[PDB]
């Protein structure tokens, strides 16, 4: 209720206003169409732009600043890719091939293809599927917080992370009921996305590995760190 309102405000302050959208660079027609250095740099720049945004968004989740600072960092690092994808999927318009990034920048899928590779198509596929659920903003504000606030290996206080998650899952569950008859299949349908999101996170790690191999442009340090810390080996 007040948790819910707090989650909604954090979500909406973390993205651009429909009026701050920038189509300055949008172009559906590319030419004369393997990645080069400018595609690799833009890929890392787009990823980097979500960094601060997602960190400031997390600090506004009630309870999150009360986790230990080491657990805060671990949760943020481990969830970054997944959050970047989920928020991009929800914000974008896959029917038109339109990617909308957290800064307001709008790009066509073909303008991203070279930097992202196949991953961008799998992100758009997930976006169309997310869209069919017609997830409203409150449900989505809870969902994304649950992507962040979740069990990870190396937490100092995993029970406290679990209680905050229970707190947010109750809030979501209630909200879904308040909006759809009485006295799950919506709910469990929404939660069913979380496993698909983990799989796209992996495609992202694969893409970064590949770009790191090819080495046209090195990843910026913070991205690199996320990449190395999240490798279970």
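The term rigid core refers to the maximal set of C-alpha atoms that superpose within 1.5 Å between the two forms. Positions refer to the first chain, counted from 1.
Original post:
Relative to the presented form, and with the rigid core used for superposition, do the C-alpha atoms of 162-170 or of 186-194 deviate more in 7 other deposited structures of this protein?
Top reply: The more displaced stretch in 7 other deposited structures of this protein turns out to be 186-194.
**OP:** Using RMS Cα distance over all structures and residues, flag whichever of 22-30 and 64-72 lies farther from this form in 7 other deposited structures of this protein after a core fit.
**Re:** Most displaced of the pair in 7 other deposited structures of this protein: 22-30.
Original post:
Is it true that at least a third of the other compared entries have no coordinates for residue 181?
Top reply: Yes, residue 181 lacks coordinates in at least a third of the other compared entries.
Subject >> Missing residues, deposited sequence, between residue 56 and residue 57 (class: none, 1 to 3, 4 to 9, 10 or more) >> reply: The entry has no unmodelled residues between residue 56 and residue 57.
Original post:
Would you class the number of unmodelled deposited residues between residue 183 and residue 184 as none, 1 to 3, 4 to 9, or 10 or more?
Top reply: Gap size class: 1 to 3 residues without coordinates, per the record.
**OP:** Mind pulling up the entry and telling me whether 37-45 or 200-208 has the higher mean Cα temperature factor?
**Re:** The entry gives the higher C-alpha B-factor average to 37-45.
Subject >> C-alpha B-factor winner, where the candidates are 96, 73, 82, 162 >> reply: Out of 96, 73, 82, 162, the record gives the largest C-alpha B-factor to 96.
Original post:
Which is it among 168, 67, 30, 61: the one with the largest CA B-factor in the entry?
Top reply: So the option with the highest C-alpha B-factor is 30.
**OP:** Sorting the chain's modelled residues by C-alpha B-factor, tell me whether residue 225 ends up in the lowest, middle or highest third.
**Re:** Its C-alpha B-factor belongs to the middle third of this chain's values.
**OP:** Name the third of the chain's ranked CA B-factors that contains residue 107, choosing lowest, middle or highest.
**Re:** Within its chain, residue 107 is a lowest-third residue by C-alpha B-factor, going by the deposited values.
**OP:** Quick one: classify residue 117 as lowest, middle or highest third of the chain based on its Cα B-factor.
**Re:** Lowest third, going by the recorded CA B-factors of the chain.
Subject >> residue 156 - Cα temperature factor, lowest/middle/highest third of chain >> reply: For residue 156, whose C-alpha B-factor we compare with every modelled residue in the chain, the answer is the middle third.
Original post:
If you rank every modelled residue in this chain by C-alpha B factor, which third holds residue 11: lowest, middle or highest?
Top reply: Lowest third, going by the recorded CA B-factors of the chain.
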